[PDB]
Amino acid sequence: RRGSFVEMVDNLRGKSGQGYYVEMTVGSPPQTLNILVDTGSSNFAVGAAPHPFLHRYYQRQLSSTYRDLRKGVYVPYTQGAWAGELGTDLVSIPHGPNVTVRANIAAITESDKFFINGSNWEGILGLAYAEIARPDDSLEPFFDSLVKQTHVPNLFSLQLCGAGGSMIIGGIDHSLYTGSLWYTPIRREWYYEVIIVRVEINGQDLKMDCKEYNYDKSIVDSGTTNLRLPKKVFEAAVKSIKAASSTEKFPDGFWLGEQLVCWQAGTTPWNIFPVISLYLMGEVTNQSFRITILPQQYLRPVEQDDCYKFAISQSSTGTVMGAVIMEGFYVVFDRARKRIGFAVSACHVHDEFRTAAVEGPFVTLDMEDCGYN
Ligand SMILES: CN(c1cc(C(=O)N[C@@H](Cc2ccccc2)[C@H](O)CNC2CC2)cc(C(=O)c2ccccc2)c1)S(C)(=O)=O
């Protein structure tokens, strides 16, 4: 009993459904903080001043290795924003690779609706590319620094286990998934952009031009909770999901995420809700594969009553495959080969009748036209 990357297994945690974080130690002497893993941004930032929702924070004056870059930085997200100061310091991940690097670090001094009460994390690790980094692409992201300064392979993988998980850095651990890994191309290196070519609800094609699914863009984002879909796609998806679950009716607000519905302790009729499938462009011409999630992924619990929120929402900035999608699979961010792999997660939540799935190959033509330009 062991495994090459065994020490990195189960290195993620998450209080409630407020993100997944990994421990990271910065400065000298050591200052360890809980850092949110976010493939939807590219800045490494940590609370650096007292905040009502922070149990601890980065104290630069106590780190002898801290170097001030004398430059401010501001980062607005879909939800929240923070202001800070840039610098560099030594950074290691105790339950990650056995190395230490000097990386850029944004010390968060002011913030608005960023930190979350009870989340237990004090910072964020932007794992996306330099293109979307702030102030600009010259600020090298953490993973770029890790790869350039060490022998760590340019690849990381995530297994987010819903109701923490594993972030394998420099490789893959075969105990985190079952079946085979299917890869989709990273269309462009900024966000982890991918291309969705078909969508089905309980096997039924949504029947929309694939251009709508990627209108603007489609990305894999561990920092976003929901499966966010473009306006038109959202409306059509909701209509189909409602039709598929017609056995029982729910208020309009439920589908909008404004109303919660609770069931008796351990009585949620998962069987009445449909499974959702997204077909992704494959690595061979005209070949695709599909990933399928269950209501256990898109209906998220809320703090003897089990309350849930419909976690598929609308977006005006493209499709965002957030935690709702990632919690059903082991996702491999193979930066080295510009591709993202998906495999059924060994820890995903399911029941005795259904399971998440990754199947292929399928034949899909003109997938190149699905992308937005
Ligand atoms: C709009 N949605 C949404 C967006 C975001 C959000 O903006 N997350 C940012 C990181 C980010 C992380 C933490 C706090 C602020 C910003 C990502 O970099 C965003 N990615 C950019 C391309 C999308 C967070 C949550 C969230 O509730 C959440 C809380 C704690 C940890 C992880 C996720 C929910 S939604 C309701 O549709 O799911």
# chains A, B, ... in the order shown; residues from 1 in each chain; ligands from 1
call {"tool": "closest_atom_pairs", "arguments": {"of": "chain A", "to": "ligand 1", "cutoff": "6 Å", "atoms": "only C-alpha atoms and all ligand atoms", "output": "Markdown table"}}
result
| residue | atom | partner | partner_atom_place_in_ligand_line | distance |
| --- | --- | --- | --- | --- |
| A:18 | CA | ligand 1 | 30 (C) | 3.9 |
| A:19 | CA | ligand 1 | 31 (C) | 3.4 |
| A:38 | CA | ligand 1 | 18 (O) | 5.9 |
| A:40 | CA | ligand 1 | 20 (N) | 3.9 |
| A:41 | CA | ligand 1 | 18 (O) | 4.4 |
| A:77 | CA | ligand 1 | 7 (O) | 4.5 |
| A:78 | CA | ligand 1 | 7 (O) | 3.6 |
| A:79 | CA | ligand 1 | 7 (O) | 4.0 |
| A:80 | CA | ligand 1 | 15 (C) | 5.2 |
| A:114 | CA | ligand 1 | 15 (C) | 4.7 |
| A:223 | CA | ligand 1 | 10 (C) | 4.4 |
| A:224 | CA | ligand 1 | 5 (C) | 4.2 |
| A:225 | CA | ligand 1 | 38 (O) | 3.7 |
| A:226 | CA | ligand 1 | 38 (O) | 3.8 |
| A:228 | CA | ligand 1 | 37 (O) | 5.7 |
| A:313 | CA | ligand 1 | 37 (O) | 5.7 |
call {"tool": "residues_around", "arguments": {"residues": "residue 357 in chain A", "least_positions_apart": "3", "cutoff": "12 Å", "atoms": "only C-alpha atoms", "output": "ChimeraX atom specification"}}
result
/A:177-182,275-279,289-294,325-330,342-346,348-350,354,360
call {"tool": "closest_residue", "arguments": {"among": "A:288, A:104, A:373, A:296", "to": "residue 184 in chain A", "atoms": "only C-alpha atoms"}}
result
A:288
call {"tool": "select_by_dssp", "arguments": {"residues": "range 126-199 of chain A", "states": "strand (DSSP E or B)", "output": "count of residues only"}}
result
27
call {"tool": "select_by_dssp", "arguments": {"residues": "range 257-337 of chain A", "states": "helix (DSSP H, G or I)", "output": "PyMOL selection string"}}
result
chain A and resi 270-272+295-298+323-326+335-337
call {"tool": "residues_around", "arguments": {"residues": "residue 315 in chain A", "least_positions_apart": "3", "cutoff": "8 Å", "atoms": "only C-alpha atoms", "output": "VMD selection string"}}
result
chain A and resid 228 to 231 318 to 319
call {"tool": "closest_residue", "arguments": {"among": "A:139, A:45, A:194, A:272", "to": "residue 215 in chain A", "atoms": "only C-alpha atoms"}}
result
A:194
call {"tool": "closest_atom_pairs", "arguments": {"of": "range 122-162 of chain A", "to": "range 94-103 of chain A", "cutoff": "8 Å", "atoms": "only C-alpha atoms", "output": "CSV"}}
result
residue,atom,partner,partner_atom,distance
A:140,CA,A:103,CA,7.9
A:141,CA,A:103,CA,7.7
A:142,CA,A:103,CA,5.9
A:145,CA,A:103,CA,6.2
A:146,CA,A:101,CA,6.3
A:149,CA,A:101,CA,6.7
A:150,CA,A:99,CA,7.3
A:152,CA,A:97,CA,7.5
call {"tool": "residues_around", "arguments": {"residues": "residue 106 in chain A", "least_positions_apart": "6", "cutoff": "12 Å", "atoms": "only C-alpha atoms", "output": "number ranges by chain"}}
result
A: 26, 42-49, 58, 60, 66-75, 82-89, 123-126, 133-135, 139-142
call {"tool": "write_last_selection", "arguments": {"atoms": "N, CA and C atoms", "output": "compact mmCIF listing (two decimals), in the first residue's frame"}}
result
# COMPACT_ATOMS: atom_id res chain seq x y z
N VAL A 26 4.37 30.26 3.05
CA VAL A 26 5.09 31.38 2.46
C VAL A 26 6.04 32.06 3.44
N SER A 42 -5.46 33.91 -12.46
CA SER A 42 -4.02 33.67 -12.51
C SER A 42 -3.13 34.40 -11.51
N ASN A 43 -3.73 34.94 -10.46
CA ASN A 43 -2.96 35.64 -9.45
C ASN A 43 -2.89 34.84 -8.16
N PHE A 44 -1.71 34.83 -7.54
CA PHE A 44 -1.53 34.18 -6.26
C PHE A 44 -1.65 35.35 -5.29
N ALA A 45 -2.66 35.33 -4.43
CA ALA A 45 -2.85 36.42 -3.48
C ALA A 45 -3.25 35.88 -2.12
N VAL A 46 -2.84 36.57 -1.07
CA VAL A 46 -3.17 36.13 0.28
C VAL A 46 -3.53 37.30 1.18
N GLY A 47 -4.52 37.08 2.05
CA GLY A 47 -4.89 38.13 2.98
C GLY A 47 -3.62 38.53 3.70
N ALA A 48 -3.38 39.83 3.81
CA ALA A 48 -2.18 40.32 4.48
C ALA A 48 -2.47 41.35 5.56
N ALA A 49 -3.73 41.44 5.97
CA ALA A 49 -4.13 42.38 7.02
C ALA A 49 -5.34 41.77 7.71
N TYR A 58 -1.00 36.83 6.11
CA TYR A 58 0.41 37.00 5.78
C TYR A 58 1.00 38.25 6.43
N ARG A 60 4.14 40.21 6.22
CA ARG A 60 5.38 40.47 5.50
C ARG A 60 6.55 40.95 6.34
N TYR A 66 10.99 38.26 2.19
CA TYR A 66 10.03 39.03 1.42
C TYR A 66 10.72 40.16 0.67
N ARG A 67 10.34 40.36 -0.59
CA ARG A 67 10.89 41.43 -1.42
C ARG A 67 9.73 42.24 -1.99
N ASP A 68 9.69 43.53 -1.68
CA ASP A 68 8.63 44.40 -2.16
C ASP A 68 8.84 44.75 -3.63
N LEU A 69 7.79 44.62 -4.44
CA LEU A 69 7.89 44.95 -5.86
C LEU A 69 7.43 46.38 -6.12
N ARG A 70 7.05 47.08 -5.05
CA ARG A 70 6.62 48.47 -5.14
C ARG A 70 5.59 48.71 -6.24
N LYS A 71 4.52 47.93 -6.23
CA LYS A 71 3.47 48.08 -7.22
C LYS A 71 2.15 47.55 -6.69
N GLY A 72 1.08 48.31 -6.89
CA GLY A 72 -0.22 47.88 -6.43
C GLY A 72 -0.84 46.93 -7.43
N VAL A 73 -1.88 46.21 -7.01
CA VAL A 73 -2.57 45.28 -7.88
C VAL A 73 -4.03 45.23 -7.45
N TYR A 74 -4.93 45.16 -8.42
CA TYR A 74 -6.37 45.12 -8.17
C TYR A 74 -6.95 43.98 -8.98
N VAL A 75 -7.75 43.13 -8.35
CA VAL A 75 -8.34 42.01 -9.08
C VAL A 75 -9.82 41.84 -8.80
N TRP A 82 -10.47 42.47 -4.72
CA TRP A 82 -9.55 42.89 -3.67
C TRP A 82 -8.44 43.79 -4.21
N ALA A 83 -7.84 44.56 -3.32
CA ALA A 83 -6.76 45.45 -3.68
C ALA A 83 -5.56 45.03 -2.84
N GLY A 84 -4.37 45.12 -3.42
CA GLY A 84 -3.21 44.71 -2.66
C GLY A 84 -1.91 45.28 -3.17
N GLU A 85 -0.82 44.68 -2.70
CA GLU A 85 0.52 45.11 -3.06
C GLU A 85 1.33 43.90 -3.49
N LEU A 86 2.08 44.05 -4.57
CA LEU A 86 2.88 42.96 -5.11
C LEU A 86 4.27 42.84 -4.50
N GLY A 87 4.76 41.61 -4.48
CA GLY A 87 6.08 41.31 -3.96
C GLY A 87 6.36 39.87 -4.30
N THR A 88 7.49 39.35 -3.82
CA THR A 88 7.82 37.95 -4.07
C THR A 88 8.31 37.38 -2.75
N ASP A 89 8.22 36.07 -2.60
CA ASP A 89 8.70 35.42 -1.38
C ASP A 89 8.82 33.94 -1.67
N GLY A 123 -6.58 32.87 1.18
CA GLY A 123 -5.97 33.35 -0.05
C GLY A 123 -6.46 32.58 -1.25
N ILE A 124 -5.89 32.88 -2.41
CA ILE A 124 -6.30 32.23 -3.64
C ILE A 124 -5.10 31.95 -4.55
N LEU A 125 -5.12 30.78 -5.18
CA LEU A 125 -4.06 30.37 -6.09
C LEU A 125 -4.60 30.33 -7.52
N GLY A 126 -4.30 31.38 -8.29
CA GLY A 126 -4.74 31.44 -9.67
C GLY A 126 -3.87 30.51 -10.48
N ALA A 133 -3.57 37.50 -16.07
CA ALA A 133 -3.03 37.94 -14.79
C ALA A 133 -3.10 39.46 -14.66
N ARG A 134 -3.16 39.95 -13.43
CA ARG A 134 -3.20 41.39 -13.16
C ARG A 134 -1.90 41.74 -12.46
N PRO A 135 -1.33 42.93 -12.73
CA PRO A 135 -1.77 44.02 -13.61
C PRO A 135 -1.75 43.67 -15.10
N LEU A 139 3.26 39.57 -15.08
CA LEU A 139 3.30 39.02 -13.73
C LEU A 139 3.16 37.51 -13.82
N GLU A 140 4.29 36.82 -13.75
CA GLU A 140 4.31 35.37 -13.87
C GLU A 140 3.46 34.65 -12.82
N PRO A 141 2.52 33.80 -13.27
CA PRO A 141 1.67 33.07 -12.32
C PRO A 141 2.50 32.05 -11.55
N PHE A 142 1.99 31.61 -10.41
CA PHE A 142 2.68 30.64 -9.58
C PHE A 142 3.12 29.36 -10.30
call {"tool": "closest_residue", "arguments": {"among": "A:172, A:370, A:6, A:22", "to": "residue 332 in chain A", "atoms": "only C-alpha atoms"}}
result
A:172
call {"tool": "residues_around", "arguments": {"residues": "residue 266 in chain A", "least_positions_apart": "3", "cutoff": "12 Å", "atoms": "only C-alpha atoms", "output": "ChimeraX atom specification"}}
result
/A:262-263,269-270,301,304-307
call {"tool": "write_last_selection", "arguments": {"atoms": "N, CA and C atoms", "output": "PDB file, in the first residue's frame"}}
result
ATOM      1  N   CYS A 262     -36.228  21.827   0.370  1.00  0.00           N
ATOM      2  CA  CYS A 262     -35.656  20.885   1.319  1.00  0.00           C
ATOM      3  C   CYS A 262     -36.489  19.610   1.395  1.00  0.00           C
ATOM      4  N   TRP A 263     -35.812  18.494   1.642  1.00  0.00           N
ATOM      5  CA  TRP A 263     -36.451  17.187   1.753  1.00  0.00           C
ATOM      6  C   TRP A 263     -36.171  16.591   3.125  1.00  0.00           C
ATOM      7  N   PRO A 269     -35.338  12.612  -3.675  1.00  0.00           N
ATOM      8  CA  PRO A 269     -35.620  11.758  -4.831  1.00  0.00           C
ATOM      9  C   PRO A 269     -34.746  12.103  -6.033  1.00  0.00           C
ATOM     10  N   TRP A 270     -33.457  11.798  -5.933  1.00  0.00           N
ATOM     11  CA  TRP A 270     -32.521  12.079  -7.017  1.00  0.00           C
ATOM     12  C   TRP A 270     -33.034  11.526  -8.344  1.00  0.00           C
ATOM     13  N   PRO A 301     -26.159  21.071  -1.520  1.00  0.00           N
ATOM     14  CA  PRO A 301     -26.669  21.182  -0.149  1.00  0.00           C
ATOM     15  C   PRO A 301     -26.443  22.565   0.458  1.00  0.00           C
ATOM     16  N   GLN A 304     -33.587  17.809  10.846  1.00  0.00           N
ATOM     17  CA  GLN A 304     -33.555  16.688   9.864  1.00  0.00           C
ATOM     18  C   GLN A 304     -34.072  17.149   8.504  1.00  0.00           C
ATOM     19  N   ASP A 305     -33.467  18.203   7.965  1.00  0.00           N
ATOM     20  CA  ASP A 305     -33.881  18.740   6.673  1.00  0.00           C
ATOM     21  C   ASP A 305     -32.707  18.956   5.722  1.00  0.00           C
ATOM     22  N   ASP A 306     -32.795  18.349   4.543  1.00  0.00           N
ATOM     23  CA  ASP A 306     -31.757  18.474   3.526  1.00  0.00           C
ATOM     24  C   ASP A 306     -32.192  19.499   2.484  1.00  0.00           C
ATOM     25  N   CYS A 307     -31.668  20.714   2.597  1.00  0.00           N
ATOM     26  CA  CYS A 307     -32.012  21.783   1.666  1.00  0.00           C
ATOM     27  C   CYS A 307     -31.024  21.849   0.509  1.00  0.00           C
TER      28      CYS A 307
END
call {"tool": "atom_distance", "arguments": {"atom1": "CA of residue 320 in chain A", "atom2": "CA of residue 127 in chain A"}}
result
15.4 Å
call {"tool": "residues_around", "arguments": {"residues": "residue 208 in chain A", "least_positions_apart": "2", "cutoff": "9 Å", "atoms": "only C-alpha atoms", "output": "list in words"}}
result
residues 198, 199, 205, 206, 210, 211, 212, 213, 233 and 236 of chain A
call {"tool": "write_last_selection", "arguments": {"atoms": "N, CA, C and O atoms", "output": "short mmCIF file (atom, residue, chain, number, x, y, z; two decimals), in the first residue's frame"}}
result
data_model
loop_
_atom_site.label_atom_id
_atom_site.label_comp_id
_atom_site.auth_asym_id
_atom_site.auth_seq_id
_atom_site.Cartn_x
_atom_site.Cartn_y
_atom_site.Cartn_z
N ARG A 198 -21.96 19.59 -28.01
CA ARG A 198 -23.31 19.05 -27.92
C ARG A 198 -23.70 18.94 -26.45
O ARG A 198 -22.86 18.68 -25.59
N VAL A 199 -24.98 19.15 -26.16
CA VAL A 199 -25.48 19.06 -24.79
C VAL A 199 -26.74 18.21 -24.79
O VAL A 199 -27.59 18.36 -25.66
N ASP A 205 -30.90 15.50 -26.94
CA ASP A 205 -30.15 16.62 -27.47
C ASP A 205 -30.90 17.93 -27.26
O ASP A 205 -32.09 18.02 -27.55
N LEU A 206 -30.20 18.93 -26.73
CA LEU A 206 -30.80 20.24 -26.48
C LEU A 206 -31.13 20.90 -27.83
O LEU A 206 -31.99 21.78 -27.92
N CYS A 210 -23.97 24.56 -31.80
CA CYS A 210 -22.88 24.48 -30.84
C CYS A 210 -22.19 25.83 -30.60
O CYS A 210 -21.48 26.00 -29.61
N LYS A 211 -22.39 26.79 -31.50
CA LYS A 211 -21.81 28.12 -31.34
C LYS A 211 -22.39 28.80 -30.10
O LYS A 211 -21.73 29.61 -29.45
N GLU A 212 -23.64 28.47 -29.77
CA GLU A 212 -24.29 29.05 -28.59
C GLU A 212 -23.67 28.56 -27.28
O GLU A 212 -23.59 29.32 -26.32
N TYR A 213 -23.23 27.31 -27.27
CA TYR A 213 -22.62 26.70 -26.08
C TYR A 213 -21.30 27.36 -25.70
O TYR A 213 -20.91 27.37 -24.54
N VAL A 233 -28.70 29.28 -23.79
CA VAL A 233 -28.47 27.88 -23.44
C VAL A 233 -29.09 27.58 -22.08
O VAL A 233 -29.63 26.49 -21.87
N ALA A 236 -32.95 27.21 -22.44
CA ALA A 236 -33.29 25.94 -23.06
C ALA A 236 -33.00 24.76 -22.14
O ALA A 236 -33.76 23.80 -22.09
#
call {"tool": "closest_residue", "arguments": {"among": "A:15, A:217, A:187, A:242", "to": "residue 273 in chain A", "atoms": "only C-alpha atoms"}}
result
A:242
call {"tool": "closest_residue", "arguments": {"among": "A:352, A:322, A:256, A:280", "to": "residue 364 in chain A", "atoms": "only C-alpha atoms"}}
result
A:280
call {"tool": "closest_residue", "arguments": {"among": "A:175, A:218, A:267, A:64", "to": "residue 8 in chain A", "atoms": "only C-alpha atoms"}}
result
A:175
